[PDB]
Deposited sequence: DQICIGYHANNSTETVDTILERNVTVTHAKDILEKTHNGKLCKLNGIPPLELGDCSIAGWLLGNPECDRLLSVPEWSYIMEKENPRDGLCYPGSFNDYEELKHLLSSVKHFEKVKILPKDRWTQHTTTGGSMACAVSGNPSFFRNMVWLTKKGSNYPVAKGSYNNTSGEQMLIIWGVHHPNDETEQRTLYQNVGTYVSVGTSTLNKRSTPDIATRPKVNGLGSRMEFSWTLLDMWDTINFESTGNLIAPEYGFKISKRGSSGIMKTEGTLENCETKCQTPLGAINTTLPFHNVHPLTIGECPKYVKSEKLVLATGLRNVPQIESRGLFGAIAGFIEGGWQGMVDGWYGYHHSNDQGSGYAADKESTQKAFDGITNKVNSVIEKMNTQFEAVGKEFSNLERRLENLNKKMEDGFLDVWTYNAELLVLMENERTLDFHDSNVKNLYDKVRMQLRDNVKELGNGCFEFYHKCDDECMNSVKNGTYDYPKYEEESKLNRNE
């Protein structure tokens, strides 16, 4: 009569890496890294994005004639923009604090256009000026949301205009200053030399003077237009005054909604979907702590790591080979009912089994360790990504270094944690079998002999009741002791 102690084997081919060994085959393993996406630009939480197309943010806000589909935009989840958009400032020039405006737009999620300075209030000036650089069907035209003020007859009176913010929320207002190319242009347009543009609010006070100089021709013109912006608080007034060279606004943008959005640089087009995490390469759907798709993401994206594989072992070391022997020379292939167990062979018959308590304890411990690895990762809405001008390179380098350093730290953490946990799991699984063997030996004592392969041979003829007794942990030594002596 024999009883053996051993573990379970199967036909798995998964491998994990420990700190002491490489490419160790295991019976059960879990991949905790997702590497797949659907390659589609999709709607986030049921709200479609704002597809700018070939239009920049400045072109959309200023009302470029080639972005006329954006004159009334609904609520959006994020903004899709191209790397080098073609339809921006049709009239050459510059935009002050452009990156700050984009950062502000990264948390807006909806706008409302309000007419604040109607084009017909300027009864002493000409408000029908246009340039060929913003042409529409071969005729001169200008930005849709702005007004160009020009002399009426041969006079340019002082132009004054004010607006009191009764809309109900904060407002964004954009104005501009025109820089001519020569004195003749200035005289033709405004009749005066030495002009100014003054803008004033409760917390803003700005005065500007045009610069007249010859410049290289961009879009055919040597002139430039410089645009500025401000945020008007509730129940506040904005004042305008100019003796020339003022591109006054006609509309203001009220911030209706507010939340978590972003500007993502892609060249794609929207297609029907419904997602939660969006990447400039596609959409994601998983539950694992890490991925390796793209650093700059938007949504419920778990964590970006610079690693190609992260597999956690939750099963046995797969040694296939097994007068059935025990755990000295490998596991068993026919015991598909659990992790650890016993094998008995008496006159009635042979058969496998499983130790329920030890298997359940190991299962609970392994599951708790896996859930501790996965569950302790703090996740928040991080629409990372910022833009800097060409006069701010130290800031850009600082941001890049910060992101790369954090990425390296988390990659190192993931790798070392996975390796160390794999080694402890594989050691603990063998310690459990050793403890089972030790407990059986201690509760059996001298009525049995050891064959050295993990099995015990019985001096006393053991029936299935005795097998259940030893497996159950209730063995009465002073019953067969007298009988076991005689045959020993």
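- Stretches of the deposited sequence absent from the structure, as judged by C-alpha coordinates, are 323 to 329, 496 to 497.
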